[PDB]
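Taking the form deposited in one PDB entry, here's one chain by itself in structure tokens.
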């Protein structure tokens, strides 16, 4: 892509890379880092002025050696260069990088040659932890290859300070809020807690950009960040923390700003949200005209096919057996293994590589089966389904989903009564049934400790009395 206009700031937008996800997986173990290298190479040769990363660069709070080393390899082979960047920092960086003595952007440092400065915030996974409250982006900021911005020292009184750039005649204000707990963030936004210091000098030509890493919509009551608690002076919001990619911009009517949801680069969960095609976006800020955006799809995302079936919705399947359910499930997984291999081969033969058939990388396959009993049949046992870990172990070698190809889920006379029906049977030859069931009933319900001894002892004494008055009983 040709060089931007001298008055055009071009930025690459990525988020939720989750480097270090499934590190030890024998097949999909390098998937996360390789995709990040592709993202950071789609910026080196796209001539972007800078890139912004909306959190979750690492999957874990304490990245491993291989995660950290493979993120420093791409940050050193793609950011270091000889062509100086054309962004002049108008503000004072010490108010934005107040954590340490490295209080200026990395590309102003005389000791480093930086051609593409990478700006990033923290996420809900690679957040501050330890005695010193050190983020994983603080260990990258020290290195000099990234500049972490938008920390929250105190989570109750938050003040967001922008970074003010300008390329010739186009200005840009880069507000950034890290990922804080949504219950506390809502409680802070509710009562004048979060404040933004919008620039006062020559206001009217800035492009106000914000990076957030909160929930867009929450399933609970008050555990998400409303898209209405932000300031109306913003012009675009880069929403992280959501892994579904949305290539378009959802213009927010009443606040006049467009929310961008870039999604994720790796699939950390096999759901319907992460089956959507992934993208990385390129903004183009130019004074006077609209900010045109170009989504460029990632070419390193492992092929993912998802189907969610219900066993009660398909006929000829009776819950009592298992040998006829696991024959239909196999035929349902085998058709979408072929569906994904065909897609992988077609996409590999749609970029100039159509003259060779290679060893296709295995896809990620998920079948979510609802093994619930139907409404009409009122029985405890539902459909019988094999062990998921062993059922999906018969597809090994054909699918990158080693142990989880299928996931089974379910869609959403107290004694005496039965004891009184037994009375007829129990036929004693001296004790009356009615006085004894009632001799114990009384014992049980009325809590009269001594009743079953006394009933027996009394009924004995009456039966002894009746037998003793018959002189014929004593001669036999």
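Numbering follows the first chain given and starts at 1. What we label the rigid core is the largest C-alpha set whose atoms superpose within 1.5 Å from one form to the other.
In this entry, residue 412 is separated from residue 413 by 10 or more residues of the deposited sequence that have no coordinates.
Quick note: we don't show the form deposited in another entry, though the next part is all about it.
When the two forms are overlaid on the rigid core, CA displacement between this form and the one not shown of 2 Å or more is confined, within 350, 154, 272, 109, to 350. When the rigid core is held fixed, the Cα atom of residue 389 travels 2 angstroms or more between this form and the one not shown.
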